[PDB]
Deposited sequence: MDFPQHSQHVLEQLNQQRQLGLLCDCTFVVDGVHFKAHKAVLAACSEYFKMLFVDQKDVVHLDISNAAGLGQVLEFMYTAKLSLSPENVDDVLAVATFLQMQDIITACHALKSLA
């Protein structure tokens, strides 16, 4: 009845599509850096993107956005004392409480 690795397999397939520019329907440029992704995945991970794509503003931190986008497509998030403020700034804008909380733990305990 249940396939325990299905959701991982779907996300891995979405990551591959994204790495090859396939079926990506939104792009944006932050500090000259070009990003491309799926509207549906962005809306799945960020309440900001959900409002933007269901209804109808930009950050300045390309390094933070890349790591947050990498998190959406891989479930991995490599936080460090040097990037946590960047990532926290992007995640606050995108209203992603899962990353926001992970940043607070790193900052408060380092």
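Enquirer: Unmodelled stretches of the deposited sequence, numbered from 1?
Expert: Missing CA coords only at 57 to 61.
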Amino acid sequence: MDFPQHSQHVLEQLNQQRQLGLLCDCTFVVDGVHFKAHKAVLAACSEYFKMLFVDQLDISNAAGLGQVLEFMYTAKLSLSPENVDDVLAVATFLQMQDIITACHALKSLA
From here on, numbers count along this sequence of modelled residues.
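In this text, the rigid core denotes the largest set of C-alpha atoms whose superposition between the two forms falls within 1.5 Å.
Enquirer: Could you say which moves further from this form in 4 other deposited structures of this protein, stretch 36 to 44 or stretch 77 to 85, by root mean square CA distance after aligning on the core?
Expert: Higher root mean square deviation of C-alphas in 4 other deposited structures of this protein is shown by 77 to 85.
Enquirer: Give, as the answer, the stretch of 14 to 22 and 88 to 96 that departs more from the shown form in 4 other deposited structures of this protein; the measure is RMS Cα distance after a core fit.
Expert: Stretch with the higher C-alpha RMS distance in 4 other deposited structures of this protein: 88 to 96.
Enquirer: For the higher mean C-alpha B factor in the entry, choose 83 to 91 or 15 to 23.
Expert: That would be 15 to 23.
Enquirer: Should the higher mean CA B-factor in the entry be assigned to 42 to 50 or to 57 to 65?
Expert: Mean CA B-factor is higher for 57 to 65.
Enquirer: Thinking about Cα B factors across the chain, which third does residue 1 belong to?
Expert: Its C-alpha B-factor, which the entry lists for residue 1, ranks in the highest third among residues of this chain.
Enquirer: Where does the C-alpha B-factor of residue 110 rank in its chain, lowest, middle or highest third?
Expert: It belongs to the highest third of the chain when residues are ordered by C-alpha B-factor.
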